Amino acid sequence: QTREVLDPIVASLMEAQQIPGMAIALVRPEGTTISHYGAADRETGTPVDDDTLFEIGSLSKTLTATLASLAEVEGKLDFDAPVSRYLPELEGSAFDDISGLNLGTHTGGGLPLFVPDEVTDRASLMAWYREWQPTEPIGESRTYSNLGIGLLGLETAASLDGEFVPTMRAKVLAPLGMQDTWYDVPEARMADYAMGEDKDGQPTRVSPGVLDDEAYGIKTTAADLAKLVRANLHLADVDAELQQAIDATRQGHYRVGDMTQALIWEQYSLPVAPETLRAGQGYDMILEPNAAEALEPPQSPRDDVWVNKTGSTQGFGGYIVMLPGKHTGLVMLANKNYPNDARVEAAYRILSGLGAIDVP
C-alpha cells in the first residue's frame, strides 16, 4: 500500500547515506502509518521500534513555537510586544525593540545562530542579551537563530509563570498525547535511546547546553511527532485553544525570497520544485542574512503549500513535511546526520509516489 511506495525509497536512502535506523510516520485522512527500519544503535544492533527515541534537534523549535502561540491565544503573551515587557531584566536593551514574533521568525535584528562560548548559564545569557547590538534591521532580515528561538522560549515561560519544560509537558505535549517526548531522557528509557552516528560514522549523543530545551533538546518518537502533525492538519481532536495555537503557527509572517517564514515552520507555494526546497536547506538560506518582507496582512494559514522543518544534531537528522491541502504529513527521523538535500529528495519522492504531489 503506502508501504510499497515507502519501503523501497527508505531502503535506498538508508543504503545511500549509510543510516543505521529510521522511524517514519505518514499522516493521512484514513490514518497514520508508522514504520521502523534498521538499528537504533549500529554497535549493539538493537532494532528501531515503537519505543525508540531519536534526537530531533531543531525540530524542537516547532514545539517552542506552539507553546508561544498558546500563550498568545490565552492572552498571556502579545507577539508584537517588546520582549522586555515579559523579561524586564532586558529592559533598556535591544529587546525593547524586538518582539516575540521577530524571535519566532528569525527576524530579531541579526541575533546570531549559536550560543556564544562565554555564555554558560542563565545569568551570563541574560547579560549577553543585555549587551548585544543588533547587526541587521529588525523585522527586515532573517538569520536562523538558536539564541532567538531560545529567547522566545524564555519569554513564553515568563508570560506563563512557569518553567519551560514542565509547562511544555502540561500545556502542549500531554494534550497532544506526546508521552514518549522527552527533554531529558529518563533513566528508565535509556535502553530505548538511539545512538547517533556522525558524518564520519562515529557514535555520538547530544550534550546539554544553554537554551538546549528551547532550541534543540527533544528526544522523541516518529509517532509522537505525527500527533503534532495530525493536529496541524486538522486531523486531531484537541482542545479548541490548543488547535487555535497550532493553526497560528502556520500563519505566514515574512516573505524571504521563495520561502515564507511562518512561526518556525517554513513554507512554499505549490507547485514547488525540489531545487527550491533544497535552496531552503542550504548555506545561503541557513548561514547568511536574507532580506525578509513582513506580511501584515498576516497570511491566514494556507491550504496550497509545502510546509517543512529540518532538524539535526551531530548524530541525528530529522525532517517534517506537511501538505495541508492534501491533509497529508510526513515525519522522517534518522540516527545519522545525513544531508538535507537527501531529506528533501526522499520526502518529495515519497509524497509524489503517494500521489500527494505531481513532479514536473
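Numbers follow the displayed sequence, beginning with 1.
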property: Given 158 to 166 and 280 to 288, the range whose Cα B-factors average higher in the PDB entry; result: 158 to 166
property: Per the entry, higher mean C-alpha B factor between 252 to 260 and 201 to 209; result: 201 to 209
property: Of the residues 237, 224, 140, 266, the one carrying the largest Cα B-factor as recorded; result: 237
property: Which of 57, 301, 324, 315 ranks first by CA B-factor in the deposited coordinates; result: 301
property: Chain third (lowest, middle, highest) by recorded CA B-factor, residue given as residue 93; result: highest
property: Entry-reported Cα temperature factor of residue 15, expressed as the chain third it lands in; result: highest
property: Residue 66, C-alpha B-factor rank within chain (lowest, middle or highest third); result: lowest
property: CA B-factor placement of residue 352, once the chain's modelled residues are sorted into thirds; result: highest
property: Chain-wide C-alpha B factor ranking for residue 104, given as lowest, middle or highest third; result: lowest
